[PDB]
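In: Experimental structure and sequence below.
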Amino acid sequence: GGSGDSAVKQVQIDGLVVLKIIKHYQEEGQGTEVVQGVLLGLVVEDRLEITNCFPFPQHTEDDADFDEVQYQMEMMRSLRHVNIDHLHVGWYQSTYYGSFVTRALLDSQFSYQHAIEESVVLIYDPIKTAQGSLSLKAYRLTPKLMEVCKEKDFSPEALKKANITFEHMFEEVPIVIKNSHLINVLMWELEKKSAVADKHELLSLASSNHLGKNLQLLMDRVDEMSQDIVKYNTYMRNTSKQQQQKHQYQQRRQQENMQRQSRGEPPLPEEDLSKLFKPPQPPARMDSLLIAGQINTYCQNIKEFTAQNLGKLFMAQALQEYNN
Amino acid sequence: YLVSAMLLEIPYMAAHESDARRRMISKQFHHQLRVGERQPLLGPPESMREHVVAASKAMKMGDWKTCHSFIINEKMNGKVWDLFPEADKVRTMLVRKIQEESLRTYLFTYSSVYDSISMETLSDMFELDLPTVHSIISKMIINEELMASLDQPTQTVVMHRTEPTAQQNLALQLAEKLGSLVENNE
Amino acid sequence: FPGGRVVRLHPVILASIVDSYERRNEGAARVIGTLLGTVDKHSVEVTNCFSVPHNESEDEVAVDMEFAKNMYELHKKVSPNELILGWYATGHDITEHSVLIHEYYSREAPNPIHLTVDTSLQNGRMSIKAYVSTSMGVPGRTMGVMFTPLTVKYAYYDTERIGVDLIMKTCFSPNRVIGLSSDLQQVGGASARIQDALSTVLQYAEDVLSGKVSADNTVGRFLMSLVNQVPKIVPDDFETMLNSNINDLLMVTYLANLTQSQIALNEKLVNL
């Protein structure tokens, strides 16, 4: 099912695990690098099903600074006391960005999955995903990443691993499929709130009425994603011209520098030929900017797939429902 | 201030590829990146606090702060023409502030007035019938005319249509780049 | 006025109940914790909780109040939302061991706020009965306590309880998320047909004789409340507006797909 390469597994997110995320959904940290915490479960039936995971609370007002690891191990000893071990099967985040994988935490979680191959990284975003498919995605830095290491180094060891060509997005693992039997008690609250106490269930049913009333679900999202296009994709094209300003453009008259002197003198050096071809700072594609390059131009792909299901099924409901 | 805060407040609503890179922004990034301002004291802020209202056109408010306390601080006295350089300035304030609602405040403006516009800002009807005519041909604005009646029906609709064109500010700067990609390749 | 009226928790209290209960360190029958939250001085609005080490039986019970302070230290760091308002146990209500954990929490000694989770094979009885303990004079025995009920309310982040609504869809049959909005159309369909099957029996009951009692100017009030917002009255210029929006929205995703192709033509010419 959700078996990975040589060791790593699927993740099963039980219904109280998303609630451990949505208790710190967006509260304390709007545009902050929110690390919603570390997901700890165990190697269980092909999918490391989550037990618990508490948000690792960085210096939370404006910026993000990783805390004392005294909290980490003392808290997950606090768990050891009446609950499961720190079986940290990854880390997870919100993080006011549907359809992204960050650069710094990409490196951090690759190094996480380097220490333990059997690890995944969950990204749950609320309806800020734009409604908007695939709110929860448990991404992992791939087993091609894992083979060719360390790690995806920029000026050297970039195209030198893009020769075999690492896969970049591979096994964005499935999330929640089975009646985990952490449910029967939740069904026992479900039936109670479906019964005589049907004020709160209908509160949430009614709550989505005003997420389309005043929010620019499409307009503000396609604006920020289009300004992600103009900045990222076009400076990507300037990178494409600049790696051409070096590999062939500059190289072309490095060749005309070599050739115009009859490729050296018989009796003596051959000083100029050896002195020339001064290799430009990009000698091989600059293919670590371009790694996250592909992954963030595909972040635009799953952000344009967002924009797809926004406009298509909204105007589906318009032309099917209104005609009265 | 009359070749930049007027010429280029047209393409500054999501059409950036005409920005002249030597202008007031030499100093406009300075006397705006200050946490506190009031009634200006220096030359440049006293040459700005009427400019900032020359964006909210106010013919009244902008004419009243190039002639505040400069006739001591060298504007009127020094330019060896006693009162006339202001009669020049006032005119290039009166006129260059009718060329503003034309370029800025035209969104829900469909039917507009061009007799009352002469009563508002007090320029000569022909010296307003000329530039209101110029507004269409010289600045290729989306507005129609039958000027036997002295009128300019707009029918502009560009507001949430220039947003998908503000996507073509960058959807061009995707497919304008593929034009430049294979120039280098071969 | 009495402070013991209502606890407005939300299912994240049941999150750190059930996960904690079903790992438990083999704390077989009785898992217990200290509840942390806010108070409206009449209501008790709560966000989170945690299960503590206990060995509650006759007549031994332990609540490591040093550890409960350690957890509060880590909890207040996690989020500044909450104060330790009392303790929440699983089954059941007033015991002689509850009142031992009372005097353990009168080491803590804010207002005693307890939350008793019945572990039975029932429906009619609630899976949580929140309690406060007034009277509460008490310089006597252990603690003279009187269990007055706090009504069980789920009143926090509505999109969270939309997250819970999905968890209650998984409670019936998961329900994985790939086509969320895609098959929320199936959910919207099922909702619209329950409305239809509702309205049909309401009509046909009075079509015979004496039906549509609790519907005439309530469901009829909220049938004209359907046509309030969809459809727009009957404007064919609004048909023109939203088929012109279809032209707009298709063309937004249209060049989204032209960027899709350009993603490969840009970054994969890199791979020559």
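Out: Received, thanks. Residues are numbered from 1 along each chain as shown, chains lettered A, B, ... in the order given.

In: Show the residue spans covered by the helices in chain B.
Out: Using DSSP state H, the helices of chain B run over B:25-28, B:43-46, B:59-63, B:84-94, B:116-121, B:125-137, B:162-166, B:172-175, B:178-185.

In: would TSV of the ones you listed with distance to chain A and mean neighbour count be doable?
Out: All C-beta spots, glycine's among them, are computed from the backbone N, C-alpha and C. Formatted as TSV, these follow (distance: least, CB to the nearest CB, whole Å; neighbours: other CB atoms under 10 Å in any protein chain shown):
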stretch	distance to chain A	mean neighbour count
helix B:25-28	21	13
helix B:43-46	32	16
helix B:59-63	32	17
helix B:84-94	36	14
helix B:116-121	33	14
helix B:125-137	30	15
helix B:162-166	7	16
helix B:172-175	5	17
helix B:178-185	4	12
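
In: State the number of residues packed around residue 9.
Out: Picked chain A for this. 26 (other CB atoms under 10 Å in any protein chain shown).

In: Correction: the question concerned chain C.
Out: Residue C:9: 26 neighbours (other CB under 10 Å).

In: Output the set of residues of chain C in proximity to chain B.
Out: Taking CB under 8 Å from any CB of the partner chain as the contact definition, chain C meets chain B at C:248, C:251-252, C:255, C:258-259, C:262, C:265-266, C:269.

In: neighbour-wise, which of those residues leads?
Out: residue C:259 leads those on contacts (other CB under 10 Å) with 25 neighbours.

In: now residue A:137, what's its secondary structure?
Out: Judged by DSSP: H, G, I helix; E, B strand; the rest coil, the three-state class of residue A:137 is strand.

In: burial count for it?
Out: Neighbour tally, residue A:137, other CB under 10 Å: 24.

In: Can you give me the buried ones in the longest helix anywhere in chain A?
Out: As assigned by DSSP H, the longest helix anywhere in chain A is helix A:289-321. Buried residues in helix A:289-321, counting neighbours by 16 or more other CB atoms under 10 Å in any protein chain shown, are found at A:289-311, A:313-315, A:318.

In: Quick one: residues contacting residue A:116.
Out: Listed by CB atoms under 8 Å, 6 or more residues apart in numbering or on different chains, the contact partners of residue A:116 are residue A:88.

In: any idea how far it is from residue A:43?
Out: Distance of residue A:116 to residue A:43, given as CB to CB, to the nearest Å: 10 Å.

In: Same question for residue A:117.
Out: Taking CB to CB as the measure, residue A:117 falls 11 Å from residue A:43.

In: picking up where we left off before, for residue C:87, find the nearest of the helices of chain B.
Out: helix B:162-166 (55.9 Å; CB to CB).

In: tell me which parts of the stretch 1-150 of chain A are close to chain C?
Out: Residues of the stretch 1-150 of chain A lying near chain C (CB under 8 Å from any CB): A:14-20, A:22-25, A:27-28, A:51-52, A:54-55, A:57, A:67, A:71, A:74-75, A:78, A:81-84, A:126-127, A:131-136.

In: Pull the number of nearby residues for the residue in the stretch 151-300 of chain A that chain C sits nearest to.
Out: At 3.3 Å from chain C, residue A:207 is the closest residue in the stretch 151-300 of chain A, using CB to the nearest CB. Close neighbours of residue A:207, defined as other CB under 10 Å, add up to 17.

In: Contacts only, for it.
Out: Counted by CB under 8 Å, 6+ apart, residue A:207 has contacts C:158-159, C:161-162.

In: Of these, which is the nearest to chain B?
Out: Nearest member of the contacts of residue A:207 to chain B, counting by CB to the nearest CB, is residue C:159, at 27.1 Å.

In: Doesn't residue C:116 belong to a helix?
Out: No: using three-state DSSP, the assignment for residue C:116 is strand, not a helix.

In: Identify the residues contacting it.
Out: Neighbours of residue C:116 in contact, by CB under 8 Å, 6+ apart: C:88-93, C:128-131.

In: In those, find the pair that's most separated.
Out: C:91 and C:130 (14.6 Å).

In: neighbour count winner among the two?
Out: Neighbour count, other CB under 10 Å: between residue C:91 and residue C:130, residue C:130 has more, with 27 against 13.

In: my guess is that one is in a strand, correct?
Out: Yes: assessed with three-state DSSP, residue C:130 lies in a strand.

In: gap between it and chain B?
Out: 50 Å (CB to the nearest CB, to the nearest Å).

In: show me the contacts for that residue.
Out: Here residue C:130 is in contact with C:6-7, C:9, C:44, C:113-116, C:149-152 (CB under 8 Å, 6+ apart).

In: and the stretch 151-300 of chain A, which of its residues are near chain B?
Out: Within reach of chain B by CB under 8 Å from any CB, the stretch 151-300 of chain A has these residues: A:219, A:222-223, A:226-227, A:229-230, A:233-234, A:237, A:240-241, A:244-245, A:248-249.

In: one more time with 10 Å
Out: Listed as neighbours of chain B in the stretch 151-300 of chain A under the rule CB under 10 Å from any CB of the partner chain: A:219, A:222-223, A:225-231, A:233-234, A:236-238, A:240-245, A:247-249.

In: What's the PyMOL line that selects buried ones from those residues?
Out: Those of those that count as buried under 16+ other CB under 10 Å are selected in PyMOL with:
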select buried, chain A and resi 222+225+226+228+229+230+233+234+236+237+240+242+243+244+247
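
In: out of the residues of the stretch 151-300 of chain A next to chain B, which touch chain C?
Out: Answer for those near chain C (CB under 10 Å from any CB): A:222, A:225-226, A:229, A:233, A:236-237, A:240, A:243.

In: burial measure for residue 155, as a count.
Out: I went with chain A, as the question did not name one. Residue A:155, neighbours per other CB under 10 Å, totals 11.

In: actually it's chain C I care about, not the one you picked
Out: Neighbour tally, residue C:155, other CB under 10 Å: 17.

In: I figured it hits residue C:8, correct?
Out: Yes: Residue C:155 lies in contact with residue C:8 (CB atoms under 10 Å); the separation is 4.1 Å.

In: list residues touching both of those two?
Out: Residues touching both residue C:155 and residue C:8 by CB atoms under 10 Å, 6 or more residues apart in numbering or on different chains: A:200, C:43, C:45-46.

In: Output those as a markdown table; include the columns neighbour count.
Out: Output for the shared contacts of residue C:155 and residue C:8, formatted as a markdown table (neighbours: other CB atoms under 10 Å in any protein chain shown):
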| residue | neighbour count |
| --- | --- |
| A:200 | 21 |
| C:43 | 17 |
| C:45 | 18 |
| C:46 | 28 |
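
In: Just the ones in helices from these, please.
Out: Going by DSSP H, the helices hold residue A:200 from the shared contacts of residue C:155 and residue C:8.

In: would you list the shared contacts of residue C:155 and residue C:8 in a markdown table and tack on distance to residue B:10?
Out: Output for these, formatted as a markdown table (distance: CB to CB, whole Å):
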| residue | distance to residue B:10 |
| --- | --- |
| A:200 | 54 |
| C:43 | 57 |
| C:45 | 54 |
| C:46 | 57 |
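
In: Can you flag which of the shared contacts of residue C:155 and residue C:8 belong to strands?
Out: C:43, C:45-46 (DSSP state E).

In: ok, of these, which one's closest to chain A?
Out: Out of those, the member with the shortest distance to chain A (by CB to the nearest CB) is residue C:46, at 10.7 Å.

In: can you pull up the bridge partners for the closest residue to the closest one other than its chain neighbours?
Out: With CB to CB, 6 or more residues apart in numbering or on different chains as the criterion, residue C:46 has its nearest non-adjacent residue at 3.0 Å, and that residue is residue C:37. With beta bridges defined as DSSP bridges, residue C:37 has these partners: residue C:46, residue C:83.

In: Would you confirm that residue C:37 contacts residue C:48?
Out: Yes: between residue C:37 and residue C:48 a contact is recorded at 7.6 Å, counting by CB under 10 Å.
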